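Data block below; observations after.
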There are 4 protein chains.
Amino acid sequence: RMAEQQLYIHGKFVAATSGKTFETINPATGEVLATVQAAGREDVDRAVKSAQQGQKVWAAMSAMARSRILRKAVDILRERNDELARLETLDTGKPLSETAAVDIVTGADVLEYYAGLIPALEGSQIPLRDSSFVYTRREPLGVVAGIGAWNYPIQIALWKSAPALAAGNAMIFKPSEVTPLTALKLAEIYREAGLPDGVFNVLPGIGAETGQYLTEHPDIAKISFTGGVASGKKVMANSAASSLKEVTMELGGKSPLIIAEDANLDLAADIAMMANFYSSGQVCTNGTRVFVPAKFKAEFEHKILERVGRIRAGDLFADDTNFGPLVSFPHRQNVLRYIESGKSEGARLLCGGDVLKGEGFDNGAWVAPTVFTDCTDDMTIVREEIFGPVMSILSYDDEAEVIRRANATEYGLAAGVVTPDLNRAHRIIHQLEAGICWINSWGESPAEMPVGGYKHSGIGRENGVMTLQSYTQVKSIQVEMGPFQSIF
Amino acid sequence: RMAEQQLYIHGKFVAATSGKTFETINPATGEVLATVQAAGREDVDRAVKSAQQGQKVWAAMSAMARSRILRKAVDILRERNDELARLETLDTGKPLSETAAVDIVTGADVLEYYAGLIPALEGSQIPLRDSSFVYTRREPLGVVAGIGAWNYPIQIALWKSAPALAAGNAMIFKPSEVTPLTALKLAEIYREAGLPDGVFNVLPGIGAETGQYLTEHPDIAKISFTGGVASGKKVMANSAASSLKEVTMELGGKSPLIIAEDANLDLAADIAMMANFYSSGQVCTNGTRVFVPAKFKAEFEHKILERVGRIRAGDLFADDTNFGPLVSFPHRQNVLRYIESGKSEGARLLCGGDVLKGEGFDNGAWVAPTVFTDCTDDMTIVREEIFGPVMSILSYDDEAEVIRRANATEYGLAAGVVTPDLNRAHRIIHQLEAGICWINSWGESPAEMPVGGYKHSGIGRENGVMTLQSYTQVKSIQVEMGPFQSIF
Amino acid sequence: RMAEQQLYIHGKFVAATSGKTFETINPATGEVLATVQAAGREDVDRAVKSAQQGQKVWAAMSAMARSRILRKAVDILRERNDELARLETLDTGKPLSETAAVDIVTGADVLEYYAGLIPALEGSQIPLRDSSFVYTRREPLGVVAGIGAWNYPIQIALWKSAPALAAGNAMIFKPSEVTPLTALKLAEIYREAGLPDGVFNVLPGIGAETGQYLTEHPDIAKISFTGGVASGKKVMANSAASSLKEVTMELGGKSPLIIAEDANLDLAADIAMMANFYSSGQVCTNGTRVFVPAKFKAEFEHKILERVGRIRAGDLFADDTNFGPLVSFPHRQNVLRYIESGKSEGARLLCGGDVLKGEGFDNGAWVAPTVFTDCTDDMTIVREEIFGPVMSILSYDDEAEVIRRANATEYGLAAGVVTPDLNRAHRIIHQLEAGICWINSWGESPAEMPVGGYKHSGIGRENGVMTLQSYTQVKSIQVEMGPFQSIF
Amino acid sequence: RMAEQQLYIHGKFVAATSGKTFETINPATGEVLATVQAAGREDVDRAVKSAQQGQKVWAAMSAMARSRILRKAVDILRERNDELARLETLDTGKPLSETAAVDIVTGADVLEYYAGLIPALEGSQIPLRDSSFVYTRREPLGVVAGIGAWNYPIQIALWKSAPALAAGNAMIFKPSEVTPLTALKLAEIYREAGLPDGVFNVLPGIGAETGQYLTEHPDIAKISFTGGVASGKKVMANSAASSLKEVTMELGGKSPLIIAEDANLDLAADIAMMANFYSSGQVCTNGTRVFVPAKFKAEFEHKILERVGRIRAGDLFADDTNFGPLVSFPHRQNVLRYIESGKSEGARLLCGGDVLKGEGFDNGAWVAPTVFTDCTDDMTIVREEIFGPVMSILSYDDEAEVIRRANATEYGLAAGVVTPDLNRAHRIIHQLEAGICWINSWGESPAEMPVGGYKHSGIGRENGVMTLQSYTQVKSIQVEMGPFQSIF
Ligand SMILES: NC(=O)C1=CN([C@@H]2O[C@H](COP(=O)(O)OP(=O)(O)OC[C@H]3O[C@@H](n4cnc5c(N)ncnc54)[C@H](OP(=O)(O)O)[C@@H]3O)[C@@H](O)[C@H]2O)C=CC1
Ligand SMILES: NC(=O)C1=CN([C@@H]2O[C@H](COP(=O)(O)OP(=O)(O)OC[C@H]3O[C@@H](n4cnc5c(N)ncnc54)[C@H](OP(=O)(O)O)[C@@H]3O)[C@@H](O)[C@H]2O)C=CC1
């Protein structure tokens, strides 16, 4: 185990006053990783007052002073990458081959990106006439709150806190109860870099209590939320009911991967694999509806089975392991229910469809890599996000049809097309109703590229210059140098 | 009386299927202006399907083709300015001296502004490496909805529809039941200008029915709302619960006007008058907390009394009338209750405070221009938006004090300072928590200037280039020209 | 003929003070179209003082006031399209089928574009610390000068004057002595639209005198030049010697057209034709080096012969005529000397190579559509711009080879590639050293798209938002609200 | 005495092939600091070939890889600040109290600024129609050249090399022959930070040879020049004659300081001192025309004289020294000729006017702080840049007059106003024809703030986001997905 984990408020660990705790489990073993204290309503109010004090200090510094501090945190994250990756692997079940290469690396990439952009954050000046002009300021929101999810815990913490801090705000961050540990480490790293006390506070807790208290607090100006559609709606409602707060949400999706009739099927199968089985399928952007031309279906299915056979489940700290258990045993039960609905609705099971068994698997939340084919647009496994390693293969006949079917969903997060043809690639992508589109690839999310969902898959965006601006609020100032005219 | 008013769906007037109607009155006389049909749930759905069809036509046109159509609508609005202003005066009670100079003039200014910006709406391109790059598209949201308020009916309709249409969307607009007439005229004008059928539909109705159906419809991508905080919270809740929607809101405020100790008091009194009694006080941005240095309070009060004596209530079509009734008898009743609370809480009534009486007033919702002084921060008239002709004068001693008291409010819409001193003007304005700040002036809202509230006064902004962009959604597209590598 | 043409200064036609005139010829007949007065040094000084006076009036107007006037000029140009096109046909020899479809249409497109962008021209604001901030203004340069070329007289006049006027400057425009007439008509149209006197003055004259006097005047802030490299070098030198002027230049090129190995040869031939024989080959961006794979060369050569045979020379006002004489007889001799160098250097002449003869041609400056093949990179016709209807076809073997050869030139204006392959199209284009690149097309120049040359083909850009900004100069203004510290 | 200084080409010091050397002097003692090799024509050719090779390596790296390398160079400059400042004091004669606080600090500030902006350098995407779109790339120019001046040697090298390198170019930098030493040190620091060989090459030499060879070289795409007007015109001419090159120029000025009638005269005098006597008056932006209201002139003269009496000339490494000799003895002779013209033209010599004498001064190029008053606009010392410690005080009567007189000059670099009045400060500044304007301050040049001259004081700008963009060239790319239509 680890010592009982405390709250982090104003540059130090402090005990919760709630009297409540929870446990986080190692999903590879079922063993308790740590007992964690849960922030109560009074603890949340403490954190907001701490953040208000720290934010004032932070915003009064020069832009380049803020940039240097965030850059030092980047340097620490690079140094402690391997230590942090192993902790993430213990908490989430994702293989170290992933966590040591992606989670902190791309989280730190976004922090490094925003650190350099702070000096470029500018207002505007508008001349109206010789005797009057307008200028604008991009002012901090003040105190903002982030609510993270459990699939990429420290990456999500960095992607929310980086633009928020770079824009001059303090952030109160609540990690998922499933994966609270790396956020507490991130808080220590920020302070070590010189972040003022209160600018990044971490309140572990339960969604129904700690998360709700944050969304209801009158002095929080913005909520940024990552999670499921059901919880996003609850969060949106409560943020409105209490104090009108700006809101950003990434809510996952059912993203389509379109294989064109002129695609190389080895490339298409490779893209489909990476779009479905990285992080054991627990990725919001996964391409879980794979549209394949009817003429290619059988050959494509063979190619998928060939690659699924190369998936190497095992010791999560082993170099060659590239597949892990799911994040929790309750989550596995939900994935298994989806798999059974696929069977009961007549989807053809091509591989997988059960838990993994044997020594080293019986005690972990393992689900075998699963592929259904002969799927149809009305099936539950095609319509609903599963967030596990479950690929659905759908046949199609013509380009206009496949565009219609890809777009006929309430989700809108990602999409992709596989084709060597110039006109086909751009033509199809431009008609797809998704915010993140990949041509002949999948999954890369550069710091420069805004990402977020259409329709029910999200509100607002993350990454890119625009997200730095979305963590400021515009103040317009008119200077009137002429004589003011009253009609009274 | 006018003929019965119908819904406007797909380029024509059409009868509602709800079987329901309401009446709009002339608030200066009590006479019924028109019987108006109310959109039902089925009428809303037809409007959404009409809008979906028209939006596709509109978005497929070239940017300059769209710009030319909106410019033709500007020309028509300029030509009919006086006719539309007279109708607005009949429906709202605002003097023709206001409506003929401001309402259509500034509504059309914003439409004209956005029409010219359509060809400048651009995405981005981000090079990643020799073998891969990203580009973004600013795509239309699709069908958006606007919900208007009754104080500036056609201006609000133009400020909401202009960026939405310019961004390639269709808008369904619901005017306040108090003031539905000019929105219907605007719909005709857009069609005359060549706007494709369905791109601007107008659904009169009640907030509890027609407005709610819009916020709940699954195929509406964004809601833009103007009104009060209480109704704003309900709109946000329904918008989230039904189908996740982008929401923008302007919700009024209690904006502070800070008179510096070196201000010319004639200028200060003139600004305060224009900040409290224009449109009979029914303006969201009004400077209803007037902070005056204690050493000049008595002289300032004298100057206010002189100018209040010049307020001219009378025939709304007479050139010298500069004060009208309130929009309705219920709204006046609410204003009168606030006035009574001021008296009962010990504020000193400097002038006004009662209904107007006599021939020409008995049938209208007229309230005398009212000024309270000796006010304190805990009083109801100081803490709550009244939305009538009620000024609160508060004394202060020092600059740090007045900034603290100006900011000690849940509202955040506007603010202003009166001072000839360079350092004082910018120094104070930069510390004020408001989205719209005026130096030595009040009320001017250029099309170029983003305007909106801090804190509980709103979400998002209107006008300026940023609001055009806010009616698009970003699609990020990565072109991967190198060979894709899978780890499976 | 026509009345003798005068100078246009301060809103009226005025006699030149030079005592000098020149003649413009109808290149289809050899007859004198008009005698035109030539601006002397005193005429230039008068135009500058007029421009200085008009610029002050123009810049004092509101941005939207400027926008409306330029939009009124657009409306007049659309209405007078056919009248202006016939005048352009008489002066240039370009077929009416071109001038009535392109010259005025696209000139007005750019004016219309910039008219709408005037209100979006904004400075910036940069906070330094609580006690100091910076804001910038985008101020007019003042009086700028444009020097036009003879191939697209009225389009060039519009592409230079539109951003200059839209940015708040006055422009003095000197058309080529070969084609002075449409610029004078434009001056009348601008005044009719409400442009203040002096904001657009037109000075016909000779390059060696009027053009040089413009480049030397101390009170002209910027020169914009279109023409050949030889004259371009003189302009930059004289502008530097006299008054440090900002200088923009578009100087033509030897643009490469790359036909890929997987290109449809009918498409390639159509693109090659439009890249070489529009406006009788007198287009700066023409793709006069056509690179074709050796394996396709014989078939491509046949397809070109088929298309050239359909070219229709004849009455320039006839609907089916699509090929005209050259702009002048001196230019034809220059074009013929180049054709002869092609013959003497061993290029294989596929068609043309001589003047056209017979009734309707003996009196005009006609050169037959001419194609050389078997060209090599050391030939005079491949290295130097001819600016007549002379296509050079070059064979190539490998992709890296064609890129090196395409880039092995001091010119850098345009380039294109023909290929259906996604990777090949973008991969090749990213490596070509040209400012204007076309994929599966040629010649389209949207107002939104910045265009200009690399290397010796120009300096700066035209069109797009950036060219509007390039006609302003930045003023940075620091407001220091804190106490200034001196070390003395 | 130091070792003979060599050229720096491709990541190492290398001997020149010119057979030529020069000496740099310590202007405080007249002694030779070092013998320095002069780059010949062949050395320039080698440096270009080195730069072409290194540029390709540098531009192929990721944006963040480049950002990290420049940030490492920042770290070394901060660490070596005092060492570099001491070298600069020895080479230039500027007091260590200046060089250790400003030269490297603000040079490194600009490098640090641009390092963070590399990831934000983006092109655009413009949709034309469903079947076609445009995107733009911001490509490196390639090899650019910077030519420095002797007053701020290492700052100028950093202000030029930072945006050029951050934009992906290689730069060949030629320092002034008066002050070559710190540029060679900077090259070593860049290599130590990981800059690829060839990306920053340094060629000491003479303007007439090394400088001219750079401006004439066909494979250099851009020249950035700092110096005097006379040499700038030569540079502009040669850049055009050889190969059409882009040119940026900062050429000094005669900047006005306008003291308003409501100004505190101690503040005005302090600003005037810092505007005239920092770096012994050798600053391009110095406010050498000080306009004072006639009614305040006598008292202002008293306050200037008192402050001049406090100037402390002496040992340049002593903490309290705040005044140094001029950079060279030839430059002192030129300054003394200007002083004599002031005397002979009837200006009243208020103080100074001679060399400093005595132990510690006879061997240095010292000129006493000099103030003239009763100046008139036609005097040589009022019209020409002196670049020494010579203030000219001019009386004025009214605001319109002083604006007219401030602007009646061919220079346009800087300007300032001293006033506590909001309207006066902005109103006056907006009318001044200068690129750099200070309100109630002088001299601060934040990295975010674009700086450069109007009129004869320069072309283009330095610092700010726009200067990063100015070191790229735009490529516009149209993708045509529809069928191309030929008229042939
Ligand atoms: N910021 C501003 O510009 C304005 C602020 N106010 C403030 O609001 C106070 C109350 O006035 P009131 O007229 O009740 O204001 P509301 O905010 O209720 O009315 C504004 C608009 O919202 C609509 N609306 C009301 N309820 C709903 C709902 N559940 N769903 C969707 N739309 C709805 C109304 O429809 P309908 O009116 O047809 O019922 C109207 O079109 C005023 O005293 C003032 O303080 C009011 C108007 C303007
Ligand atoms: N704006 C500013 O910051 C500065 C302005 N000045 C002004 O310039 C005046 C003259 O001083 P001076 O030293 O002659 O200034 P220059 O402008 O001649 O020197 C500036 C730089 O230009 C170089 N240079 C000179 N001639 C050429 C050429 N033909 N081709 C290329 N590069 C060339 C110089 O080389 P090198 O010095 O090695 O000969 C030096 O590197 C000063 O009195 C002052 O008024 C001077 C310095 C700074």
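Ordered as shown in the structure tokens, chains take letters A, B, and onward, while each chain numbers its residues from 1 and ligands are numbered from 1 in the order shown.
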Check your understanding: Relative to chain D, what is the Cα RMSD of chain C after a least-squares superposition using every Cα atom paired in order?
Key -> 0.2 Å
Review point. So which residues are near ligand 1, meaning at most 6 Å away with only C-alpha atoms and all ligand atoms counted, given back as a PyMOL selection string?
Key: chain B and resi 147-151+175-178+205-208+211-212+226-228+231+234-235+250-252+284+385-387
**Study point:** Distance filter 7 Å, only C-alpha atoms, chain C against chain A, as a PyMOL selection string
**Key:** chain C and resi 60+62+122-126+128-130+135-136+420-422
Can I get the selected residues back with N, CA, C and O atoms, as a compact mmCIF listing (two decimals), in the first residue's frame?
# COMPACT_ATOMS: atom_id res chain seq x y z
N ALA C 60 -10.47 60.29 -42.20
CA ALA C 60 -11.29 60.81 -41.12
C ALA C 60 -12.69 60.22 -41.13
O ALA C 60 -13.41 60.36 -40.14
N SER C 62 -15.58 57.26 -41.07
CA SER C 62 -15.66 55.99 -40.35
C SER C 62 -15.27 54.85 -41.30
O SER C 62 -15.32 54.98 -42.53
N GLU C 122 -7.73 45.93 -37.34
CA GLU C 122 -7.60 46.29 -35.92
C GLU C 122 -6.17 46.17 -35.42
O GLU C 122 -5.43 45.31 -35.92
N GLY C 123 -5.81 47.04 -34.49
CA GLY C 123 -4.54 46.94 -33.80
C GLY C 123 -4.60 45.95 -32.67
O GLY C 123 -5.52 45.15 -32.55
N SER C 124 -3.61 46.04 -31.79
CA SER C 124 -3.48 45.09 -30.70
C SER C 124 -3.29 45.83 -29.38
O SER C 124 -3.08 47.04 -29.34
N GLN C 125 -3.42 45.08 -28.29
CA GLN C 125 -3.15 45.59 -26.95
C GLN C 125 -2.38 44.53 -26.18
O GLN C 125 -2.74 43.35 -26.19
N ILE C 126 -1.29 44.96 -25.55
CA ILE C 126 -0.40 44.04 -24.86
C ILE C 126 -0.20 44.53 -23.43
O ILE C 126 0.43 45.58 -23.22
N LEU C 128 1.76 44.81 -20.08
CA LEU C 128 3.12 44.60 -19.60
C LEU C 128 3.18 44.30 -18.11
O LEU C 128 3.97 43.45 -17.68
N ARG C 129 2.38 45.00 -17.32
CA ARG C 129 2.36 44.89 -15.87
C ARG C 129 1.16 45.70 -15.43
O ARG C 129 0.51 46.37 -16.23
N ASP C 130 0.85 45.63 -14.14
CA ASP C 130 -0.33 46.34 -13.67
C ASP C 130 -0.27 47.82 -14.03
O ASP C 130 -1.30 48.43 -14.34
N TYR C 135 -0.58 49.45 -26.71
CA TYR C 135 -1.54 49.19 -27.78
C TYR C 135 -0.95 49.68 -29.09
O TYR C 135 -0.07 50.55 -29.12
N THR C 136 -1.42 49.09 -30.19
CA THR C 136 -0.94 49.43 -31.51
C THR C 136 -2.08 49.98 -32.35
O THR C 136 -3.25 49.61 -32.16
N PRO C 420 -3.84 12.60 -59.29
CA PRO C 420 -4.96 12.21 -58.42
C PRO C 420 -4.53 11.66 -57.08
O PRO C 420 -5.39 11.34 -56.25
N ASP C 421 -3.23 11.52 -56.85
CA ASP C 421 -2.72 10.86 -55.65
C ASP C 421 -2.58 11.88 -54.53
O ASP C 421 -1.96 12.93 -54.71
N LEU C 422 -3.12 11.53 -53.36
CA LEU C 422 -3.09 12.45 -52.22
C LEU C 422 -1.67 12.82 -51.83
O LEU C 422 -1.34 14.01 -51.72
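Scanning range 340-442 of chain B with DSSP on the backbone, the alpha helix (DSSP H) assignments fall on residues 340, 341, 342, 343, 344, 380, 381, 382, 383, 399, 400, 401, 402, 403, 404, 405, 406, 407, 422, 423, 424, 425, 426, 427, 428, 429, 430 and 431 of chain B.
Every protein, DNA or RNA residue with an atom at most 12 Å from residue 293 in chain A, where only C-alpha atoms count and chain neighbours fewer than 4 positions away do not, is listed here: residues 257, 258, 259, 260, 261, 262, 263, 264, 265, 268, 297, 298, 299, 300, 301, 393, 394, 395, 396, 397, 398, 399, 401, 402 and 418 of chain A.
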I need the residues from that last selection saved to file as a PDB file, in the first residue's frame (with N, CA and C atoms), if you can.
ATOM      1  N   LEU A 257     -14.483   4.937 -38.742  1.00  0.00           N
ATOM      2  CA  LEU A 257     -13.285   4.819 -39.565  1.00  0.00           C
ATOM      3  C   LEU A 257     -13.751   4.299 -40.917  1.00  0.00           C
ATOM      4  N   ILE A 258     -13.558   5.090 -41.967  1.00  0.00           N
ATOM      5  CA  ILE A 258     -14.071   4.745 -43.286  1.00  0.00           C
ATOM      6  C   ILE A 258     -12.930   4.237 -44.154  1.00  0.00           C
ATOM      7  N   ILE A 259     -13.029   2.982 -44.572  1.00  0.00           N
ATOM      8  CA  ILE A 259     -12.064   2.377 -45.480  1.00  0.00           C
ATOM      9  C   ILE A 259     -12.588   2.565 -46.899  1.00  0.00           C
ATOM     10  N   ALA A 260     -11.859   3.322 -47.707  1.00  0.00           N
ATOM     11  CA  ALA A 260     -12.317   3.557 -49.065  1.00  0.00           C
ATOM     12  C   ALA A 260     -12.084   2.320 -49.931  1.00  0.00           C
ATOM     13  N   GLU A 261     -12.766   2.300 -51.076  1.00  0.00           N
ATOM     14  CA  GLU A 261     -12.677   1.183 -52.013  1.00  0.00           C
ATOM     15  C   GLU A 261     -11.300   1.041 -52.646  1.00  0.00           C
ATOM     16  N   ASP A 262     -10.456   2.078 -52.600  1.00  0.00           N
ATOM     17  CA  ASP A 262      -9.104   1.993 -53.139  1.00  0.00           C
ATOM     18  C   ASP A 262      -8.032   1.902 -52.054  1.00  0.00           C
ATOM     19  N   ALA A 263      -8.426   1.612 -50.815  1.00  0.00           N
ATOM     20  CA  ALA A 263      -7.481   1.549 -49.708  1.00  0.00           C
ATOM     21  C   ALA A 263      -6.654   0.268 -49.752  1.00  0.00           C
ATOM     22  N   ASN A 264      -5.382   0.380 -49.369  1.00  0.00           N
ATOM     23  CA  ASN A 264      -4.576  -0.793 -49.043  1.00  0.00           C
ATOM     24  C   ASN A 264      -5.086  -1.418 -47.751  1.00  0.00           C
ATOM     25  N   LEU A 265      -5.440  -2.702 -47.794  1.00  0.00           N
ATOM     26  CA  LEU A 265      -6.097  -3.296 -46.637  1.00  0.00           C
ATOM     27  C   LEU A 265      -5.149  -3.580 -45.477  1.00  0.00           C
ATOM     28  N   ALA A 268      -5.177  -0.252 -43.794  1.00  0.00           N
ATOM     29  CA  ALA A 268      -6.486  -0.087 -43.167  1.00  0.00           C
ATOM     30  C   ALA A 268      -6.600  -0.926 -41.903  1.00  0.00           C
ATOM     31  N   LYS A 297     -14.644  -7.005 -47.451  1.00  0.00           N
ATOM     32  CA  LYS A 297     -14.928  -7.401 -46.075  1.00  0.00           C
ATOM     33  C   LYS A 297     -14.184  -8.661 -45.655  1.00  0.00           C
ATOM     34  N   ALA A 298     -14.323  -9.744 -46.424  1.00  0.00           N
ATOM     35  CA  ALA A 298     -13.737 -11.010 -45.997  1.00  0.00           C
ATOM     36  C   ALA A 298     -12.226 -10.890 -45.862  1.00  0.00           C
ATOM     37  N   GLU A 299     -11.576 -10.261 -46.838  1.00  0.00           N
ATOM     38  CA  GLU A 299     -10.127 -10.105 -46.768  1.00  0.00           C
ATOM     39  C   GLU A 299      -9.737  -9.221 -45.587  1.00  0.00           C
ATOM     40  N   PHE A 300     -10.510  -8.160 -45.334  1.00  0.00           N
ATOM     41  CA  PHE A 300     -10.246  -7.304 -44.183  1.00  0.00           C
ATOM     42  C   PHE A 300     -10.395  -8.062 -42.868  1.00  0.00           C
ATOM     43  N   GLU A 301     -11.436  -8.887 -42.737  1.00  0.00           N
ATOM     44  CA  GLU A 301     -11.611  -9.634 -41.496  1.00  0.00           C
ATOM     45  C   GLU A 301     -10.414 -10.537 -41.221  1.00  0.00           C
ATOM     46  N   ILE A 393     -17.378  -4.021 -37.161  1.00  0.00           N
ATOM     47  CA  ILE A 393     -17.123  -3.934 -38.598  1.00  0.00           C
ATOM     48  C   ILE A 393     -18.455  -3.923 -39.342  1.00  0.00           C
ATOM     49  N   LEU A 394     -18.652  -2.903 -40.182  1.00  0.00           N
ATOM     50  CA  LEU A 394     -19.881  -2.693 -40.937  1.00  0.00           C
ATOM     51  C   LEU A 394     -19.573  -2.621 -42.428  1.00  0.00           C
ATOM     52  N   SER A 395     -20.336  -3.347 -43.236  1.00  0.00           N
ATOM     53  CA  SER A 395     -20.191  -3.317 -44.684  1.00  0.00           C
ATOM     54  C   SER A 395     -20.988  -2.160 -45.278  1.00  0.00           C
ATOM     55  N   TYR A 396     -20.494  -1.628 -46.395  1.00  0.00           N
ATOM     56  CA  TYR A 396     -21.195  -0.566 -47.108  1.00  0.00           C
ATOM     57  C   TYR A 396     -20.933  -0.715 -48.599  1.00  0.00           C
ATOM     58  N   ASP A 397     -21.793  -0.084 -49.396  1.00  0.00           N
ATOM     59  CA  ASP A 397     -21.750  -0.204 -50.850  1.00  0.00           C
ATOM     60  C   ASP A 397     -21.245   1.028 -51.593  1.00  0.00           C
ATOM     61  N   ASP A 398     -21.587   2.246 -51.170  1.00  0.00           N
ATOM     62  CA  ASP A 398     -21.245   3.429 -51.950  1.00  0.00           C
ATOM     63  C   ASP A 398     -20.923   4.609 -51.038  1.00  0.00           C
ATOM     64  N   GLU A 399     -20.276   5.621 -51.629  1.00  0.00           N
ATOM     65  CA  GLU A 399     -19.725   6.722 -50.844  1.00  0.00           C
ATOM     66  C   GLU A 399     -20.815   7.563 -50.189  1.00  0.00           C
ATOM     67  N   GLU A 401     -23.765   6.663 -49.265  1.00  0.00           N
ATOM     68  CA  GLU A 401     -24.341   5.880 -48.176  1.00  0.00           C
ATOM     69  C   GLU A 401     -23.479   5.935 -46.924  1.00  0.00           C
ATOM     70  N   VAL A 402     -22.171   5.738 -47.084  1.00  0.00           N
ATOM     71  CA  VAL A 402     -21.313   5.589 -45.918  1.00  0.00           C
ATOM     72  C   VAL A 402     -21.206   6.916 -45.186  1.00  0.00           C
ATOM     73  N   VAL A 418      -9.444   6.169 -44.938  1.00  0.00           N
ATOM     74  CA  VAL A 418      -8.253   5.534 -45.488  1.00  0.00           C
ATOM     75  C   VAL A 418      -8.428   5.501 -47.001  1.00  0.00           C
TER      76      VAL A 418
END
Exercise for review: Do a neighbour search on range 71-77 of chain D at 8 Å with only C-alpha atoms, toss out local chain neighbours closer than 2 positions, and write the hits as an NGL selection string.
Suggested key: :D and (67-69 or 79-81 or 104 or 108 or 111-112 or 115 or 189-190 or 192-194)
**Study point:** Shell around residue 462 in chain A at 8 Å using only C-alpha atoms, local window under 4 positions removed, as number ranges by chain
**Key:** A: 159-160, 450-452, 467
Check your understanding: Within 10 Å of range 457-461 of chain C, counting only C-alpha atoms, which residues qualify if same-chain residues fewer than 3 places away don't, as number ranges by chain?
Key -> C: 224-229, 232, 246-255, 284, 410-414, 434-435, 449-454, 464, 466-468, 470; D: 243-247, 470, 473-474
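CA of residue 355 in chain D is found 11.0 Å from CA of residue 329 in chain D.
CA of residue 371 in chain B sits 5.6 Å away from CA of residue 390 in chain B.
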Point to revise | Long-range neighbours of range 40-42 of chain D as a ChimeraX atom specification, 8 Å cut-off, only C-alpha atoms, 5 positions minimum in chain | key: /D:16-18,209-210,213
Saved selection, atoms kept: N, CA, C and O atoms, as a short mmCIF file (atom, residue, chain, number, x, y, z; two decimals), in the first residue's frame:
data_model
loop_
_atom_site.label_atom_id
_atom_site.label_comp_id
_atom_site.auth_asym_id
_atom_site.auth_seq_id
_atom_site.Cartn_x
_atom_site.Cartn_y
_atom_site.Cartn_z
N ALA D 16 40.10 33.57 -42.23
CA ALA D 16 39.70 34.26 -43.45
C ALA D 16 40.72 34.06 -44.56
O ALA D 16 41.91 33.85 -44.32
N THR D 17 40.22 34.05 -45.80
CA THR D 17 41.04 34.00 -47.01
C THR D 17 41.27 35.37 -47.63
O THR D 17 41.86 35.45 -48.71
N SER D 18 40.80 36.45 -47.01
CA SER D 18 40.93 37.77 -47.61
C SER D 18 42.35 38.33 -47.54
O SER D 18 42.68 39.23 -48.32
N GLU D 209 33.26 46.15 -48.04
CA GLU D 209 33.59 44.85 -48.62
C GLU D 209 32.69 43.75 -48.08
O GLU D 209 31.78 43.31 -48.79
N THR D 210 32.82 43.36 -46.81
CA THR D 210 32.02 42.25 -46.31
C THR D 210 30.53 42.59 -46.36
O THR D 210 29.71 41.76 -46.76
N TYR D 213 29.35 42.56 -50.02
CA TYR D 213 29.30 41.22 -50.58
C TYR D 213 28.04 40.47 -50.12
O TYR D 213 27.44 39.72 -50.90
#
